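Residues 1 to 102, numbered by PDB author numbering, are exactly what the sequence shown covers, in order.
All residues carry an ideal CB built from backbone N, CA and C; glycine is no exception.
See below for the structure under consideration.
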Amino acid sequence: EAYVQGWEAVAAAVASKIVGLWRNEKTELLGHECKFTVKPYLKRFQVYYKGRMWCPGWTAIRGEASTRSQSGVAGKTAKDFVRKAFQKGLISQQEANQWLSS
(Lines of atoms letter the chains of each structure in order from A; the text may use other names.)
(Lines give C-alpha, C1' and ligand atoms only; values in the text may rest on other atoms or scores of the structure.)
Protein backbone atom coordinates (compact mmCIF):
# COMPACT_ATOMS: atom_id res chain seq x y z
CA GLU A 1 0.00 0.00 0.00
CA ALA A 2 1.22 3.57 -0.69
CA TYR A 3 -0.46 6.72 0.72
CA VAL A 4 0.76 10.37 1.01
CA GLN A 5 4.47 9.40 0.66
CA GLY A 6 4.03 7.62 -2.70
CA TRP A 7 7.54 8.67 -3.84
CA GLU A 8 9.06 7.25 -0.61
CA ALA A 9 7.31 3.89 -1.23
CA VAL A 10 8.66 3.81 -4.82
CA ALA A 11 12.21 4.41 -3.50
CA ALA A 12 11.81 1.50 -1.05
CA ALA A 13 10.70 -0.81 -3.91
CA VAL A 14 13.77 0.24 -5.96
CA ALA A 15 16.06 -0.57 -2.99
CA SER A 16 14.47 -4.05 -2.67
CA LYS A 17 15.07 -4.70 -6.40
CA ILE A 18 18.77 -3.74 -5.93
CA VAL A 19 19.27 -6.54 -3.34
CA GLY A 20 17.38 -9.09 -5.50
CA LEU A 21 19.53 -8.07 -8.52
CA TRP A 22 22.92 -7.56 -6.77
CA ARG A 23 26.07 -9.52 -7.74
CA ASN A 24 29.27 -10.08 -5.66
CA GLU A 25 29.88 -6.28 -5.87
CA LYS A 26 27.95 -4.91 -8.90
CA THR A 27 24.33 -4.09 -9.85
CA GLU A 28 22.30 -2.30 -12.56
CA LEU A 29 19.81 0.57 -12.00
CA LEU A 30 17.29 1.47 -14.77
CA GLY A 31 19.45 -0.53 -17.25
CA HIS A 32 22.60 1.45 -16.25
CA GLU A 33 25.71 -0.15 -14.69
CA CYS A 34 26.25 0.46 -10.94
CA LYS A 35 28.46 -0.78 -8.08
CA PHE A 36 26.85 -2.08 -4.85
CA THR A 37 29.05 -3.49 -2.03
CA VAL A 38 28.86 -4.53 1.65
CA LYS A 39 31.47 -4.66 4.48
CA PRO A 40 30.75 -5.86 8.03
CA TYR A 41 32.96 -4.75 10.95
CA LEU A 42 33.46 -5.78 14.60
CA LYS A 43 33.30 -3.95 17.96
CA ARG A 44 34.73 -4.77 21.44
CA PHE A 45 31.65 -7.02 21.89
CA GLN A 46 29.36 -6.57 18.83
CA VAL A 47 29.13 -7.01 15.02
CA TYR A 48 27.91 -4.27 12.64
CA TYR A 49 26.97 -4.56 8.94
CA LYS A 50 27.89 -1.61 6.68
CA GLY A 51 27.29 -1.15 2.93
CA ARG A 52 27.55 1.44 0.13
CA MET A 53 26.36 1.62 -3.51
CA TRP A 54 26.69 4.09 -6.41
CA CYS A 55 26.38 4.24 -10.23
CA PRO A 56 29.71 5.02 -11.91
CA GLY A 57 28.37 5.69 -15.44
CA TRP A 58 24.72 6.84 -15.12
CA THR A 59 25.36 9.91 -12.92
CA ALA A 60 27.47 11.14 -9.96
CA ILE A 61 25.55 10.15 -6.79
CA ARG A 62 26.04 7.61 -3.95
CA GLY A 63 24.10 6.11 -1.02
CA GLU A 64 25.22 3.91 1.89
CA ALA A 65 23.81 2.56 5.18
CA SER A 66 24.78 0.44 8.23
CA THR A 67 22.93 -1.67 10.85
CA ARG A 68 22.94 -5.02 12.73
CA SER A 69 20.79 -6.83 10.10
CA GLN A 70 22.73 -8.40 7.18
CA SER A 71 20.14 -8.12 4.36
CA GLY A 72 18.56 -4.98 5.92
CA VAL A 73 21.80 -3.02 5.27
CA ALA A 74 21.63 -3.96 1.56
CA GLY A 75 18.10 -2.53 1.16
CA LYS A 76 19.18 0.44 3.32
CA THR A 77 22.24 1.20 1.11
CA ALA A 78 20.08 1.11 -2.06
CA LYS A 79 17.38 3.26 -0.39
CA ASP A 80 19.92 5.97 0.55
CA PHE A 81 21.28 6.08 -3.03
CA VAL A 82 17.73 6.35 -4.45
CA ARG A 83 16.88 9.15 -1.97
CA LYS A 84 19.93 11.19 -3.09
CA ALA A 85 19.02 10.75 -6.79
CA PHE A 86 15.33 11.51 -6.05
CA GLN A 87 16.12 14.78 -4.20
CA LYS A 88 18.24 16.03 -7.14
CA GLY A 89 15.92 14.90 -9.97
CA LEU A 90 17.09 11.62 -11.57
CA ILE A 91 14.97 8.65 -10.38
CA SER A 92 11.40 9.37 -11.56
CA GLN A 93 8.23 7.49 -10.50
CA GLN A 94 7.54 6.05 -13.99
CA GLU A 95 11.22 5.08 -14.51
CA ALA A 96 11.34 3.25 -11.14
CA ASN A 97 8.07 1.43 -11.98
CA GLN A 98 9.44 0.26 -15.37
CA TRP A 99 12.61 -1.09 -13.69
CA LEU A 100 10.53 -2.99 -11.08
CA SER A 101 8.36 -4.49 -13.87
CA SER A 102 11.27 -5.92 -15.92
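So residue i is in the alpha helix (DSSP H); what residue range does that whole segment cover?
i: residue 65; result: It is not in any alpha helix (DSSP H) - residue 65 instead sits in the beta strand (DSSP E) that spans 62–67.
By alpha-carbon positions, which one of the options ends up nearest to residue i?
i: residue 25; options: 87, 37, 31, 33; result: 37
i: residue 106; options: 30, 77, 9; result: Limits of the chain in this structure are 1 at one end and 102 at the other, which puts residue 106 out of reach.
i: residue 65; options: 59, 77, 55, 54; result: 77
i: residue 90; options: 2, 62, 52, 47; result: 62
i: residue 45; options: 68, 97, 99, 100; result: 68
Return the first residue and the last residue of the beta strand (DSSP E) that residue i is part of.
i: residue 52; result: 46–54
i: residue 38; result: 32–43
Contact check, residue i vs residue j under 8 Å by CB: the rounded distance?
i: residue 74; j: residue 22; result: 7 Å
Should residue i be labelled buried (16 or more other beta-carbon atoms within 10 Å of its own) or exposed?
i: residue 57; result: exposed
i: residue 88; result: exposed
Open item on the list: Using 8 Å as the cut-off, can you tell me whether the segment 65–81 makes contact with the segment 15–31, which would need three or more C-beta pairs spanning the two stretches below that distance?
Closed with: As far as the Cβ criterion goes, the segment 65–81 touches the segment 15–31, which means the pair count is three or higher.
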